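> need a structure here:
(chains A and B)
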Amino acid sequence: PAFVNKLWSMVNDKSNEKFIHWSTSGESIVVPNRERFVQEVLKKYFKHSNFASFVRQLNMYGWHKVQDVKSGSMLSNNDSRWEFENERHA
Amino acid sequence: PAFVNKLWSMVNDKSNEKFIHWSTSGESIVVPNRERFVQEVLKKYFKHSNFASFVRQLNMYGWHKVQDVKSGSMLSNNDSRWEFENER
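Numbering: from 1, shown residues only, chains lettered A, B, ... in the order given. Sharing the structure here:
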């Protein structure tokens, strides 16, 4: 698939480090800030695509959003931070 | 507002993938088959409603049908395939 070569050309090019990168721990792909990623990287590789479109593709290739961790007494989660894990590597 | 929540609860739920989904290429909402969408998904999320009614609501919230692409020597268009784009 063309998607695949594009995903990797994106994630494994360290120049995109501040917007999407392999997590430090675990085996996952982290997007620290959804909006900034969409603005700065997504369109560079997937012209005229949006976040939901991107995520639907990731899903077709086995990548799924990691279960929310609820923090502190507010049980908060930064909705703009997304982490994706592959079903073949739990 | 009630419409909007139903709209997204429908489009962004993976289980509805065969009947309605974000476009692979582009930033649009695709209904590959109108009739199957109406029978299987629409009449589940929007009881007592219909396609036309749904489209008019989409239109009021900024979503419009994407221009028809005429294909091949027959200048054909699949009338049951609908794709909607937001005016932005």
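> What is the neighbour count of residue A:34?
18 (other Cβ atoms under 10 Å in any protein chain shown). C-beta here means a position set from N, CA and C on the backbone, and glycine is covered the same way.
> Would you confirm that it contacts residue A:82?
Yes. Look at residue A:34 against residue A:82 with Cβ atoms under 8 Å: they come within range, at 5.8 Å.
> For chain A, what lies in contact range of chain B?
Near chain B, the residues belonging to chain A are A:48-50, A:52-53, A:56-57, A:59 when assessed by Cβ under 8 Å from any Cβ of the partner chain.
> Which of the residues you listed are buried? Put it as a PyMOL command.
To isolate the buried members of those in PyMOL, using 16 or more other Cβ atoms under 10 Å in any protein chain shown:
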select buried, chain A and resi 49+50+52+53+56+57
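> CA atoms only for the strand or helix carrying residue A:85, dumped as PDB, please.
Assigned by DSSP states H and E, residue A:85 belongs to strand A:82-86. Provided in PDB are the C-alpha atoms of strand A:82-86 (Å, rounded to 0.1, in the frame of the first residue of the first chain):
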ATOM      1  CA  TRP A  82      -2.700  10.600  20.800                       C
ATOM      2  CA  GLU A  83      -0.700   7.400  21.100                       C
ATOM      3  CA  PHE A  84      -1.200   4.500  18.700                       C
ATOM      4  CA  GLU A  85      -0.200   0.800  19.200                       C
ATOM      5  CA  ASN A  86      -0.300  -2.000  16.600                       C
END
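> Mind checking which of the residues of chain A next to chain B are in helices?
Among the residues of chain A next to chain B, DSSP state H puts A:52-53, A:56-57, A:59 in helices.
> Tell me where chain A has helices.
Using DSSP H, the helices of chain A run over A:2-11, A:34-37, A:43-45, A:51-60.
> Please work out which of the ones you listed is packed deepest.
Comparing those by mean neighbour count (mean count of other Cβ atoms under 10 Å in any protein chain shown), helix A:51-60 ranks first with a mean of 18.
> if I pick the residue lying closest to residue A:48 once chain neighbours are set aside, what's in contact with it?
Once flanking residues are discounted, residue A:48 sits nearest to residue B:26: 5.5 Å by Cβ to Cβ, 6 or more residues apart in numbering or on different chains. Contacts of residue B:26 were listed using Cβ atoms under 8 Å, 6 or more residues apart in numbering or on different chains, and they are A:48-49, A:53, B:83, B:85.
> from these, which two are the most distant?
Pairwise distances across the contacts of residue B:26 peak at 14.4 Å for A:49 and B:83 (criterion: Cβ to Cβ).
> so the residue nearest in space to the middle of chain A bridges to which residues?
Computing the C-alpha centroid of chain A and ranking residues by Cα atoms, centre = their mean puts residue A:31 first, at 4.5 Å. The partner list for residue A:31 in beta bridges (DSSP bridges) reads residue A:82.
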